[PDB]
>>> print(open('my_file-v3.cif').read())   # mmCIF, N, CA and C atoms
data_coords
loop_
_atom_site.label_atom_id
_atom_site.label_comp_id
_atom_site.auth_asym_id
_atom_site.auth_seq_id
_atom_site.Cartn_x
_atom_site.Cartn_y
_atom_site.Cartn_z
N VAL A 693 0.83 -1.19 0.00
CA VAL A 693 0.00 0.00 0.00
C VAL A 693 0.87 1.25 0.00
N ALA A 694 1.97 1.20 0.76
CA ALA A 694 2.86 2.35 0.88
C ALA A 694 3.74 2.49 -0.36
N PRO A 695 4.08 3.72 -0.74
CA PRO A 695 4.98 3.91 -1.89
C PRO A 695 6.40 3.48 -1.57
N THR A 696 7.15 3.20 -2.63
CA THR A 696 8.52 2.72 -2.50
C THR A 696 9.55 3.78 -2.87
N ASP A 697 9.51 4.31 -4.08
CA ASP A 697 10.47 5.33 -4.47
C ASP A 697 9.92 6.73 -4.18
N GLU A 698 10.82 7.71 -4.18
CA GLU A 698 10.43 9.09 -3.92
C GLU A 698 9.46 9.61 -4.97
N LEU A 699 9.55 9.09 -6.20
CA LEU A 699 8.63 9.51 -7.25
C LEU A 699 7.21 9.02 -6.97
N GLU A 700 7.06 7.75 -6.59
CA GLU A 700 5.74 7.22 -6.26
C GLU A 700 5.12 7.97 -5.09
N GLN A 701 5.94 8.46 -4.16
CA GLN A 701 5.42 9.29 -3.08
C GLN A 701 4.91 10.62 -3.61
N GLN A 702 5.69 11.26 -4.49
CA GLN A 702 5.25 12.51 -5.11
C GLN A 702 3.96 12.30 -5.89
N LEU A 703 3.86 11.18 -6.62
CA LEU A 703 2.64 10.90 -7.36
C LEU A 703 1.47 10.66 -6.42
N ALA A 704 1.73 10.01 -5.28
CA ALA A 704 0.67 9.81 -4.29
C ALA A 704 0.22 11.13 -3.69
N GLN A 705 1.14 12.09 -3.57
CA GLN A 705 0.79 13.38 -2.96
C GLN A 705 -0.12 14.19 -3.88
N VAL A 706 0.25 14.30 -5.16
CA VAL A 706 -0.60 15.00 -6.11
C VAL A 706 -1.96 14.33 -6.20
N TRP A 707 -1.98 13.00 -6.12
CA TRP A 707 -3.25 12.27 -6.06
C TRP A 707 -4.05 12.69 -4.84
N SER A 708 -3.41 12.69 -3.67
CA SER A 708 -4.09 13.09 -2.44
C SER A 708 -4.64 14.50 -2.54
N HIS A 709 -3.90 15.40 -3.20
CA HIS A 709 -4.34 16.78 -3.33
C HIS A 709 -5.59 16.89 -4.19
N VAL A 710 -5.58 16.22 -5.35
CA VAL A 710 -6.73 16.28 -6.26
C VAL A 710 -7.98 15.75 -5.58
N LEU A 711 -7.85 14.65 -4.84
CA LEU A 711 -9.00 13.98 -4.24
C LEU A 711 -9.34 14.52 -2.85
N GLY A 712 -8.56 15.46 -2.33
CA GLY A 712 -8.83 16.03 -1.02
C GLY A 712 -8.75 15.05 0.13
N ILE A 713 -8.04 13.94 -0.04
CA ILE A 713 -7.91 12.91 0.99
C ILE A 713 -6.44 12.51 1.06
N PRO A 714 -5.83 12.49 2.24
CA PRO A 714 -4.38 12.25 2.33
C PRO A 714 -4.04 10.76 2.26
N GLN A 715 -2.75 10.51 2.09
CA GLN A 715 -2.15 9.17 2.14
C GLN A 715 -2.87 8.21 1.19
N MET A 716 -2.59 8.41 -0.10
CA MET A 716 -3.12 7.56 -1.16
C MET A 716 -2.19 6.38 -1.40
N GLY A 717 -2.74 5.17 -1.32
CA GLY A 717 -1.97 3.99 -1.65
C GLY A 717 -1.92 3.73 -3.14
N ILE A 718 -0.86 3.02 -3.55
CA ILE A 718 -0.63 2.72 -4.97
C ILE A 718 -1.54 1.61 -5.47
N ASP A 719 -2.32 0.98 -4.60
CA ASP A 719 -3.32 0.02 -5.01
C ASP A 719 -4.75 0.54 -4.87
N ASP A 720 -4.92 1.75 -4.34
CA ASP A 720 -6.23 2.38 -4.34
C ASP A 720 -6.63 2.73 -5.77
N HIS A 721 -7.85 2.35 -6.15
CA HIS A 721 -8.33 2.63 -7.50
C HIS A 721 -8.76 4.09 -7.60
N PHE A 722 -8.34 4.75 -8.68
CA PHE A 722 -8.64 6.18 -8.83
C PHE A 722 -10.14 6.42 -8.90
N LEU A 723 -10.85 5.60 -9.66
CA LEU A 723 -12.30 5.75 -9.81
C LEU A 723 -13.07 5.25 -8.59
N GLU A 724 -12.38 4.70 -7.59
CA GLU A 724 -13.01 4.27 -6.35
C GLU A 724 -12.76 5.25 -5.20
N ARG A 725 -12.12 6.39 -5.48
CA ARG A 725 -11.84 7.40 -4.47
C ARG A 725 -12.44 8.75 -4.85
N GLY A 726 -13.54 8.74 -5.60
CA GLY A 726 -14.26 9.96 -5.92
C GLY A 726 -13.81 10.69 -7.17
N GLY A 727 -13.08 10.04 -8.06
CA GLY A 727 -12.51 10.73 -9.21
C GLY A 727 -13.56 10.96 -10.28
N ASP A 728 -13.82 12.22 -10.61
CA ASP A 728 -14.67 12.59 -11.73
C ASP A 728 -13.80 12.92 -12.94
N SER A 729 -14.43 13.40 -14.01
CA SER A 729 -13.67 13.95 -15.13
C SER A 729 -13.02 15.28 -14.76
N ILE A 730 -13.73 16.10 -13.98
CA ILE A 730 -13.17 17.37 -13.53
C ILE A 730 -11.93 17.15 -12.68
N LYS A 731 -11.94 16.10 -11.85
CA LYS A 731 -10.77 15.79 -11.04
C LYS A 731 -9.63 15.28 -11.91
N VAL A 732 -9.95 14.52 -12.96
CA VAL A 732 -8.94 14.12 -13.92
C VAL A 732 -8.28 15.34 -14.55
N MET A 733 -9.09 16.36 -14.88
CA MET A 733 -8.54 17.59 -15.43
C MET A 733 -7.57 18.25 -14.45
N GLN A 734 -7.94 18.31 -13.17
CA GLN A 734 -7.06 18.91 -12.17
C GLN A 734 -5.73 18.16 -12.10
N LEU A 735 -5.77 16.83 -12.22
CA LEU A 735 -4.53 16.06 -12.26
C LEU A 735 -3.71 16.42 -13.49
N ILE A 736 -4.34 16.42 -14.66
CA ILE A 736 -3.63 16.74 -15.90
C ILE A 736 -3.09 18.16 -15.85
N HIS A 737 -3.89 19.11 -15.34
CA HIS A 737 -3.44 20.49 -15.24
C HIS A 737 -2.25 20.62 -14.29
N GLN A 738 -2.38 20.08 -13.08
CA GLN A 738 -1.30 20.18 -12.10
C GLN A 738 -0.10 19.32 -12.46
N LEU A 739 -0.23 18.39 -13.40
CA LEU A 739 0.92 17.62 -13.86
C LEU A 739 1.74 18.40 -14.89
N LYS A 740 1.08 19.08 -15.82
CA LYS A 740 1.80 19.95 -16.74
C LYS A 740 2.53 21.06 -15.99
N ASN A 741 1.97 21.52 -14.87
CA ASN A 741 2.64 22.53 -14.06
C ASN A 741 3.94 22.00 -13.47
N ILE A 742 3.95 20.74 -13.02
CA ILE A 742 5.13 20.12 -12.43
C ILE A 742 5.22 18.69 -12.95
N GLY A 743 6.22 18.42 -13.79
CA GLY A 743 6.41 17.09 -14.33
C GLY A 743 6.02 16.97 -15.78
N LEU A 744 5.41 15.85 -16.15
CA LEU A 744 5.00 15.58 -17.52
C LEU A 744 3.48 15.67 -17.65
N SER A 745 2.97 15.24 -18.79
CA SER A 745 1.55 15.33 -19.10
C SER A 745 0.89 13.95 -18.97
N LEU A 746 -0.41 13.91 -19.27
CA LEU A 746 -1.18 12.68 -19.19
C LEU A 746 -2.49 12.89 -19.94
N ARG A 747 -2.93 11.85 -20.64
CA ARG A 747 -4.16 11.90 -21.42
C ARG A 747 -5.33 11.31 -20.63
N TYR A 748 -6.54 11.72 -21.03
CA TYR A 748 -7.75 11.30 -20.33
C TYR A 748 -7.94 9.79 -20.40
N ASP A 749 -7.86 9.22 -21.61
CA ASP A 749 -8.08 7.79 -21.76
C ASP A 749 -6.95 6.95 -21.16
N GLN A 750 -5.75 7.52 -21.02
CA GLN A 750 -4.66 6.79 -20.39
C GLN A 750 -4.89 6.58 -18.90
N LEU A 751 -5.73 7.40 -18.27
CA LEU A 751 -6.03 7.21 -16.86
C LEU A 751 -6.94 6.01 -16.63
N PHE A 752 -7.87 5.76 -17.55
CA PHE A 752 -8.81 4.66 -17.36
C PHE A 752 -8.18 3.31 -17.68
N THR A 753 -7.24 3.27 -18.63
CA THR A 753 -6.50 2.03 -18.90
C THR A 753 -5.38 1.81 -17.90
N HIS A 754 -4.99 2.84 -17.15
CA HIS A 754 -4.03 2.72 -16.05
C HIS A 754 -4.64 3.36 -14.81
N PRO A 755 -5.72 2.77 -14.27
CA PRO A 755 -6.47 3.45 -13.20
C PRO A 755 -5.85 3.30 -11.81
N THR A 756 -4.59 2.86 -11.75
CA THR A 756 -3.86 2.78 -10.50
C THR A 756 -2.50 3.44 -10.67
N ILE A 757 -1.86 3.72 -9.54
CA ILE A 757 -0.54 4.34 -9.59
C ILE A 757 0.51 3.34 -10.07
N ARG A 758 0.34 2.06 -9.72
CA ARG A 758 1.26 1.03 -10.21
C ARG A 758 1.20 0.93 -11.73
N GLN A 759 0.00 1.00 -12.30
CA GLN A 759 -0.12 0.95 -13.76
C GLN A 759 0.42 2.23 -14.40
N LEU A 760 0.17 3.38 -13.78
CA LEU A 760 0.70 4.63 -14.32
C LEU A 760 2.22 4.66 -14.23
N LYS A 761 2.76 4.07 -13.16
CA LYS A 761 4.21 3.95 -13.03
C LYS A 761 4.80 3.17 -14.19
N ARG A 762 4.19 2.02 -14.51
CA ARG A 762 4.64 1.21 -15.63
C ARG A 762 4.51 1.95 -16.95
N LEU A 763 3.48 2.80 -17.05
CA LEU A 763 3.23 3.60 -18.28
C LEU A 763 4.28 4.72 -18.37
N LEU A 764 5.55 4.37 -18.21
CA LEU A 764 6.67 5.35 -18.27
C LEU A 764 7.14 5.48 -19.73
N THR A 765 6.61 4.65 -20.62
CA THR A 765 6.98 4.67 -22.06
C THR A 765 6.87 6.10 -22.59
N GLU A 766 6.03 6.93 -21.97
CA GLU A 766 5.85 8.34 -22.42
C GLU A 766 7.16 9.13 -22.27
N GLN A 767 7.84 8.96 -21.13
CA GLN A 767 9.08 9.69 -20.85
C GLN A 767 10.21 9.24 -21.77
N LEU A 775 14.02 -3.12 -17.13
CA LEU A 775 15.14 -3.89 -16.58
C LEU A 775 16.04 -4.39 -17.70
N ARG A 776 17.32 -4.02 -17.63
CA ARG A 776 18.28 -4.36 -18.68
C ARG A 776 18.81 -5.77 -18.44
#
>>> encode(input="my_file-v3.cif", output="structure tokens")
Amino acid sequence: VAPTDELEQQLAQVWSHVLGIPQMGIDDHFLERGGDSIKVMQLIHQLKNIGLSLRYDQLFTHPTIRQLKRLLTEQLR
């Protein structure tokens, strides 16, 4: 439930901010914590402000932080 790297913690924090609820786990489902389309916009907006971007449909196919973490193709040997 707890984040591992400092990036996953930062991602959990922005998540907590958008949803108005602290300490977001990486297995909590985004659509199970009150996420609307307007809240998705706040995430996308606040992500362009700090970090990279994100598309609307990419959130539903990666509706967890673990899946969004794996979706790093946007940015083990």
>>> atom_distance(input="my_file-v3.cif", atom1="atom C of residue 703 of chain A", atom2="atom CA of residue 730 of chain A")
17.6 Å
>>> residues_around(input="my_file-v3.cif", residues="residue 722 of chain A", least_positions_apart="4", cutoff="6 Å", atoms="only N, CA and C atoms", output="PyMOL selection string")
chain A and resi 726-727+755-756
>>> residues_around(input="my_file-v3.cif", residues="segment 704-708 of chain A", least_positions_apart="2", cutoff="8 Å", atoms="only C-alpha atoms", output="PyMOL selection string")
chain A and resi 695+700-702+710-718+735+738+757
>>> atom_distance(input="my_file-v3.cif", atom1="atom CA of residue 709 of chain A", atom2="atom CA of residue 753 of chain A")
21.6 Å
>>> atom_distance(input="my_file-v3.cif", atom1="atom CA of residue 731 of chain A", atom2="atom CA of residue 747 of chain A")
12.9 Å
>>> closest_residue(input="my_file-v3.cif", among="A:732, A:751, A:775, A:760", to="residue 699 of chain A", atoms="only C-alpha atoms")
A:760
>>> select_by_dssp(input="my_file-v3.cif", residues="chain A", states="helix (DSSP H, G or I)", output="number ranges by chain")
A: 698-711, 722-724, 729-741, 748-753, 757-766
>>> axis_aligned_box(input="my_file-v3.cif", around="segment 699-712 of chain A", padding_each_side="6 Å", output="JSON")
{"center_x": 0.1, "center_y": 12.1, "center_z": -3.6, "size_x": 30.9, "size_y": 21.7, "size_z": 19.5}
>>> closest_residue(input="my_file-v3.cif", among="A:697, A:758, A:750, A:741", to="residue 721 of chain A", atoms="only C-alpha atoms")
A:758
>>> build_atoms(input="my_file-v3.cif", residues="segment 700-716 of chain A", atoms="N, CA, C and O atoms", output="PDB file, in the coordinates of the input")
ATOM      1  N   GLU A 700       7.060   7.750  -6.590  1.00  0.00           N
ATOM      2  CA  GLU A 700       5.740   7.220  -6.260  1.00  0.00           C
ATOM      3  C   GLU A 700       5.120   7.970  -5.090  1.00  0.00           C
ATOM      4  O   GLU A 700       3.889   8.110  -5.034  1.00  0.00           O
ATOM      5  N   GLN A 701       5.940   8.460  -4.160  1.00  0.00           N
ATOM      6  CA  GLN A 701       5.420   9.290  -3.080  1.00  0.00           C
ATOM      7  C   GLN A 701       4.910  10.620  -3.610  1.00  0.00           C
ATOM      8  O   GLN A 701       3.832  11.086  -3.233  1.00  0.00           O
ATOM      9  N   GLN A 702       5.690  11.260  -4.490  1.00  0.00           N
ATOM     10  CA  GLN A 702       5.250  12.510  -5.110  1.00  0.00           C
ATOM     11  C   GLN A 702       3.960  12.300  -5.890  1.00  0.00           C
ATOM     12  O   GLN A 702       3.055  13.139  -5.844  1.00  0.00           O
ATOM     13  N   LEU A 703       3.860  11.180  -6.620  1.00  0.00           N
ATOM     14  CA  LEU A 703       2.640  10.900  -7.360  1.00  0.00           C
ATOM     15  C   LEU A 703       1.470  10.660  -6.420  1.00  0.00           C
ATOM     16  O   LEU A 703       0.335  11.054  -6.709  1.00  0.00           O
ATOM     17  N   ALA A 704       1.730  10.010  -5.280  1.00  0.00           N
ATOM     18  CA  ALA A 704       0.670   9.810  -4.290  1.00  0.00           C
ATOM     19  C   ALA A 704       0.220  11.130  -3.690  1.00  0.00           C
ATOM     20  O   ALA A 704      -0.955  11.285  -3.345  1.00  0.00           O
ATOM     21  N   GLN A 705       1.140  12.090  -3.570  1.00  0.00           N
ATOM     22  CA  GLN A 705       0.790  13.380  -2.960  1.00  0.00           C
ATOM     23  C   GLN A 705      -0.120  14.190  -3.880  1.00  0.00           C
ATOM     24  O   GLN A 705      -1.148  14.711  -3.437  1.00  0.00           O
ATOM     25  N   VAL A 706       0.250  14.300  -5.160  1.00  0.00           N
ATOM     26  CA  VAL A 706      -0.600  15.000  -6.110  1.00  0.00           C
ATOM     27  C   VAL A 706      -1.960  14.330  -6.200  1.00  0.00           C
ATOM     28  O   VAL A 706      -2.997  14.996  -6.347  1.00  0.00           O
ATOM     29  N   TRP A 707      -1.980  13.000  -6.120  1.00  0.00           N
ATOM     30  CA  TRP A 707      -3.250  12.270  -6.060  1.00  0.00           C
ATOM     31  C   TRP A 707      -4.050  12.690  -4.840  1.00  0.00           C
ATOM     32  O   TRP A 707      -5.244  13.008  -4.944  1.00  0.00           O
ATOM     33  N   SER A 708      -3.410  12.690  -3.670  1.00  0.00           N
ATOM     34  CA  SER A 708      -4.090  13.090  -2.440  1.00  0.00           C
ATOM     35  C   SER A 708      -4.640  14.500  -2.540  1.00  0.00           C
ATOM     36  O   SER A 708      -5.737  14.792  -2.043  1.00  0.00           O
ATOM     37  N   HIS A 709      -3.900  15.400  -3.200  1.00  0.00           N
ATOM     38  CA  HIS A 709      -4.340  16.780  -3.330  1.00  0.00           C
ATOM     39  C   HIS A 709      -5.590  16.890  -4.190  1.00  0.00           C
ATOM     40  O   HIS A 709      -6.549  17.573  -3.825  1.00  0.00           O
ATOM     41  N   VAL A 710      -5.580  16.220  -5.350  1.00  0.00           N
ATOM     42  CA  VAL A 710      -6.730  16.280  -6.260  1.00  0.00           C
ATOM     43  C   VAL A 710      -7.980  15.750  -5.580  1.00  0.00           C
ATOM     44  O   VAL A 710      -9.068  16.328  -5.697  1.00  0.00           O
ATOM     45  N   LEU A 711      -7.850  14.650  -4.840  1.00  0.00           N
ATOM     46  CA  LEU A 711      -9.000  13.980  -4.240  1.00  0.00           C
ATOM     47  C   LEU A 711      -9.340  14.520  -2.850  1.00  0.00           C
ATOM     48  O   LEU A 711     -10.329  14.065  -2.260  1.00  0.00           O
ATOM     49  N   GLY A 712      -8.560  15.460  -2.330  1.00  0.00           N
ATOM     50  CA  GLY A 712      -8.830  16.030  -1.020  1.00  0.00           C
ATOM     51  C   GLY A 712      -8.750  15.050   0.130  1.00  0.00           C
ATOM     52  O   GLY A 712      -9.352  15.297   1.180  1.00  0.00           O
ATOM     53  N   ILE A 713      -8.040  13.940  -0.040  1.00  0.00           N
ATOM     54  CA  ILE A 713      -7.910  12.910   0.990  1.00  0.00           C
ATOM     55  C   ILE A 713      -6.440  12.510   1.060  1.00  0.00           C
ATOM     56  O   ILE A 713      -5.835  12.207   0.025  1.00  0.00           O
ATOM     57  N   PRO A 714      -5.830  12.490   2.240  1.00  0.00           N
ATOM     58  CA  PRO A 714      -4.380  12.250   2.330  1.00  0.00           C
ATOM     59  C   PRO A 714      -4.040  10.760   2.260  1.00  0.00           C
ATOM     60  O   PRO A 714      -4.903   9.886   2.355  1.00  0.00           O
ATOM     61  N   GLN A 715      -2.750  10.510   2.090  1.00  0.00           N
ATOM     62  CA  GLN A 715      -2.150   9.170   2.140  1.00  0.00           C
ATOM     63  C   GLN A 715      -2.870   8.210   1.190  1.00  0.00           C
ATOM     64  O   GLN A 715      -3.617   7.317   1.585  1.00  0.00           O
ATOM     65  N   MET A 716      -2.590   8.410  -0.100  1.00  0.00           N
ATOM     66  CA  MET A 716      -3.120   7.560  -1.160  1.00  0.00           C
ATOM     67  C   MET A 716      -2.190   6.380  -1.400  1.00  0.00           C
ATOM     68  O   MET A 716      -0.997   6.575  -1.660  1.00  0.00           O
TER      69      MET A 716
END
